[PDB]
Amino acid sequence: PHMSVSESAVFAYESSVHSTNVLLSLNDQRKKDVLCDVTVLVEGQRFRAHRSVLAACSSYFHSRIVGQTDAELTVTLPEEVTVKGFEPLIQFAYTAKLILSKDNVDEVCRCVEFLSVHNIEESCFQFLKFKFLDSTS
């Protein structure tokens, strides 16, 4: 026949992969420009995104976004923000992974500070402790 359990019992199911799947679906939506709702303009280049996600990940975006009413909102970032710095940064927001090398560490980390991208302040602090010189005592 079947199995049974105490009448008052409560079942629970916690997925360890769900939140990551959701984030990756949003990243896929972002790369395809489907179901997005905001455009971020950096040096003439357009980055599509979800204002909800951007507000959640950056205090700067949060204040620029919250009371906005435009279905087709555009947020223009000043010169302090560059395509070279912002690119890997929005990629982090949507993938949880932040990549850096000699040529972008400074700009990527200046943007992190300038936009206050939460889960990354520390990392940048650590990466900025190095100089890409090539150990040759």
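All residue numbers refer to positions in the sequence shown, first residue = 1.
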With B-factors read from the PDB entry, the higher C-alpha mean of 101-109 and 36-44 is in 101-109
Chain thirds by Cα B factor, record data; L115 belongs to the middle
Chain-relative C-alpha B factor for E80 (record values, thirds): the highest
Entry-reported C-alpha B-factor of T20 relative to its chain, by third, is middle
By the entry's values, the third containing the CA B factor of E87 is the middle
